[PDB]
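Just the one chain here, laid out as structure tokens, in the form solved without the ligand.
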């Protein structure tokens, strides 16, 4: 069963701005997704202080970067708190606690897209480089779910079976054809060193099997 949902109007507008604005400094998407992973890891780390059974689904707190040139995907994996089904729908489909409104106003008043993370909407910078984004997630309190969107105003949610993750979130970026530089090891290493060198969790760049 696949459920289709409309983005909240302001989120669809934000996504359209990210997709259609001429803006060359696209590499910041990775910093924003790594920052989201770090936040999710902080949350499960904190919850596990008062309740160590929260780590029964996996004690390791880390971030993996998985390029695949055959599938033309870059995957950002973390073992953070994950998202329930309700979290997916609210946090990726609506303004929720984000500064979506302030960001869209700021862009008309001198801000630029690289500041997206200051407004709590860094996730959508994925659409600087991805034609489609799939989010696989598992929270201790829910089953594993797959969220997906190629923008255009809607997203889908379905259960995800056959490859259980334990706990956390996988952001699968199906890259645009002209954005394959972000599958190159040297380029990923450069961007991680530039923007994500102070993250408090290990970031492992996987090697391609080819």
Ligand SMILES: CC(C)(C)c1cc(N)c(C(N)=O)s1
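Numbering follows the first chain given and starts at 1. Residues that one form lacks are left out of the comparison. C-alpha atoms forming the largest set that superposes within 1.5 Å between two forms make up the rigid core.
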item	value
Mean Cα B-factor comparison, 141 to 149 or 47 to 55, giving the higher one as deposited	47 to 55
Residue range whose averaged C-alpha B-factor is higher in the record, 124 to 132 or 106 to 114	106 to 114
Given 69, 31, 170, 26, the residue at which the Cα B factor reaches its maximum	69
Per the PDB entry, maximal CA B factor within 175, 40, 157, 165	165
Position of residue 77 among the chain's modelled residues by C-alpha B-factor, lowest, middle or highest third	lowest
Relative C-alpha B-factor of residue 205, binned into the chain's lowest, middle or highest third	lowest
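The same protein also exists as the form deposited with the ligand bound; that form is not shown, yet it is the one meant from here on.
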{"item": "Placed ligand check: the ligand in the bound PDB entry, overlay by site C-alphas, backbone/C-beta within 2.4 Å", "value": "blocked"}
{"item": "All of 74, 129 and 150 with a heavy atom within 4.5 Å of the ligand in the bound PDB entry", "value": "no"}
{"item": "The ligand contact at residue 179 in the bound PDB entry, heavy atom, 4.5 Å", "value": "no"}
{"item": "In the bound PDB entry: members of 57 to 96 within 4.5 Å of the ligand, any heavy atom", "value": "83, 87, 88, 92, 96"}
{"item": "Displaced residue between this form and the one not shown, judged on C-alpha after the rigid core is fitted, out of 140, 75, 98, 134 (threshold 2 Å or more)", "value": "98"}
{"item": "Cα-Cα shift for residue 21 and residue 97, closer or farther in the bound PDB entry, minimum 3 Å", "value": "closer"}
{"item": "Pair residue 17/residue 95, Cα separation in the bound PDB entry versus the displayed form, closer or farther by 3 angstroms or more", "value": "farther"}
{"item": "Segments displaced between this form and the one not shown (3 or more residues, each Cα shift of 2 Å or more, core-superposed)", "value": "90 to 98"}
